[PDB]
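Single chain ahead, written as structure tokens, the form deposited in one PDB entry.
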């Protein structure tokens, strides 16, 4: 019935018994004397000189008595004030080559110090505002920023940090959610969120416990002052060896709240940032008192950033939809729409999307069916994600009705590539590198690293294990390149023209007469050397495919899908763009290396009134009129809606040359993607739901390209000694350009904007294709893993 000797105990007390732990207030279950015995505030949180050597008074919040280290409850400045010691922040940076842990410690503990809404740029305020944090940052390992997951809200990001999973996989797809199987709603406030049914994957504290590594309780009732959260972690670190946890978390609600109230750039942000730094100082001084400051690994990390958003910048659905009372909207910095009643027969989600599409010239949001959202968001494969999504412009809100000087000036939740949404990462301790800056990375990657830091085997997750090995002084995980599953055929020129009945045509009979004299036509030669700079992609599933060589490009032609899985080619800085001649406009040529039965047919395209075709290697970038004939082979053709061809042709005729001109040449790999069930993974044949009329030619859901060059732009892409530079895209293969409100204009006014929105990581394409890229480079495999997780954000 009492918390005497039980405050913040790690023991698991079940109902109906009254609790004394971290979360007892959140379940309204604390013992009667919890708030007096456990939440002591008397005399504050700092020893003063007059308290040194005091007789312990149990009413005090913390202690300055000679027994306080034994009881695990000294004020964090005890040794500084009472024993002549220095504050941790005033000590020189000194390298930590190996953990320096006291007797009985079997591994370096990990402490995760999570700060809500800590925008990356807040680090610019520097040592005068945040000296402790700046010391951690400069002395340890840090990134310029860390990318959160979408939506850029607390619960999805905190659970992603904990699991290594995208929200669509871990299940916490918003701060608010409705699950139609449960027929229940989850909210940041209330009891429903405590039900385990909502939470998938395997978070770090469970991974640890299952593997015999003791975890502290990661969560803190909001009533518990930050100073007490720090003192409680320090108390647990003082426990005997068989009770003491190896992994801990601290959470602060700041600077998110001040960001919401004052906006991210307010001068009012200074004080909350000082207060957080003061708490970091208490932790570090407290660790130093326990001789753990060169033993513990500390991660300082945020969940997302903060943008300027005021009530004046609100769009209302009632200004677009005449029947707004028939819908429910999850509102604000994103929109999710569903029917207010399932019994409604009037609600048509096609009419909703149409009514929200490009209706006002300065419209500050864009509707999408969830399968059409940028694939980089990985935000579709969950029954809790409504079919209808609104991507809201940064700085704006979307609300249902106008009834919904402002009370708030900041918010977050926007697209996770937006600058204002970026957050922070610092690692400090023996296992992290010393005085080391690392490139920006995604928070999905951290679970693997935290498992490594605790000697744990990670549960399956969406990180790329090894991509963050460069953060650590000592790695225990060494990644290995996956084995190729399907081996290609290398077919020669074996068939005659007469064997093909594809209905294809090239009246004039245009032909390179010289091909009949060219015995070495379509042999390897220097094709692989010039056009496959990083080796052939490996096929990681079982299929039948052919390698096809040409002067200007190489491809891996699927005999199952009747098109390339990948097409690879290099374009020099000085390459010339040429037009398609009049006689070749509608030219498609049989490929004498590939049987008629494993080829597409032009009659399917004639009969399909909605479908046209494009080419993966562009005829516009042919090296000669002779070589241009190769680009019209049936084995280079892919099905394309006419609307999409507007995009593709601009990319191929204009942008590839632009990129080559900007980057000292580029290597391009392009191909189809099939993701009809929107799971982010390559479809099997049975999962493909649309074909070209009357044929077995499957229709891609998307088209990708990976554009690689030398990071050292003084070297051409084909003679690069060092690190690589990559940008990639996964373009939606859509039968209209409704996504692009400016699409009636010249392609120079809209196509690039579309492509930037659909930027992608090479890893995203790998999941979607079952291909493995960059298999033959001069780079270490861990460096290649970092490259494959890179996202070009265009911010």
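Residue numbers count along the first chain shown, from 1. We call the rigid core whatever largest set of C-alpha positions still superposes within 1.5 Å between the two forms.
The same protein also has a form deposited in another entry, omitted here; what follows describes it.
Novice: With both forms fit on the core, is the shift of the CA atom of residue 750 between the shown form and the other one 2 Å or larger?
Specialist: For residue 750, whose C-alpha is compared between the shown form and the other one after core superposition, the shift is less than 2 Å.
Novice: Is there a C-alpha shift of 2 Å or more at residue 790 between the shown form and the other one once the rigid core is superposed?
Specialist: Comparing the forms between the shown form and the other one, which are aligned on their rigid core, residue 790 does not shift its C-alpha by 2 Å or more.
Novice: Following rigid core alignment, is the displacement of the residue 30 C-alpha between the shown form and the other one equal to or greater than 2 angstroms?
Specialist: Comparing forms between the shown form and the other one, the residue 30 CA shifts at least 2 Å.
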